[PDB]
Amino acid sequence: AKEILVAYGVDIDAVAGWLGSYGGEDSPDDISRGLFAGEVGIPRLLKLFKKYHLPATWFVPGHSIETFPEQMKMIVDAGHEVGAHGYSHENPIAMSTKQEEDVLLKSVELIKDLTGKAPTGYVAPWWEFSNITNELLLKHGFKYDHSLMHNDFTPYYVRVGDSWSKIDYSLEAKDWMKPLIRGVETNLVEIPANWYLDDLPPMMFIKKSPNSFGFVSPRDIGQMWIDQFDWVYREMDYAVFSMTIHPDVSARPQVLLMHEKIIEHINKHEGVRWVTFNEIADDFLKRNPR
């Protein structure tokens, strides 16, 4: 028996992505791409999904919620899930605890006002943590996170309190020669992030980044994503296969075609189930409690 849970996760980075993460704060041109992502990118992603009758989870920065209100209505009315993703896409590790907690509070408030329900899902901007577990569980709603990478194609419960010894070369070796020390499992389910199922780093060009790419072939990317799916399909009976995309990138014509090949390849397989992240979190919590 094959139970393959498959989801698209859309991080609406848009203008917020350029303020917090990708260095576009003083660039009109970069800001204009942020606006493309919302005004042009969200609806093309909705048409793509509507075409294959797919559900999806949208992780939306508070900035994008208030900057693209008309497209936000289009997202809710399609019956899709809205999750959290900062306000202006700020990297949590760079914020104070109060700044991070305030950002999360505003996000919940903005999503609740938009959907009627509190968000249950989170993606940390640029995928970085801090004391986020404690904050997510504390700020109610939050059932699951899609930011961490302890695993691949299986959800798990996130541990709080892991520690490790950093190398300090001004000391002697015995001071840092100690093994990572595992913390304690919490109720936050992880639906793992994955750089190999992330449209943005290979296919978006960023001048302000030393590790920007942007000109990797979408056919090579699609093919790689598809090889990942085939392997998962061949090796695992239950699995979650989630793809992280951004209207910024995946609503560009060349990678829209890529997604059509991916979806159409996945749909050739029996035992596939297109779902939202909340449904994965619900199913996993029911699959193995504790």
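Numbers follow the displayed sequence, beginning with 1.
Of the two segments examined, 60 to 68 and 235 to 243, it is 235 to 243 that shows the higher average Cα temperature factor in the deposited entry.
The mean C-alpha temperature factor is higher for 48 to 56 when 26 to 34 and 48 to 56 are set side by side.
Comparing the listed residues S88, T97, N151, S165, the entry records the largest Cα B-factor for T97. Residue-level temperature factors show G161 in the lowest third of its chain, judged at the C-alpha atom.
Per the deposited record, the Cα B-factor of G183 falls in the middle third when ranked against the other modelled residues of its chain.
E264: CA B factor in the highest third of modelled residues in this chain (values from the PDB entry). When the modelled residues of the chain are ordered by their C-alpha B factor, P210 lands in the highest third.
Residue-level temperature factors show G83 in the lowest third of its chain, judged at the C-alpha atom.
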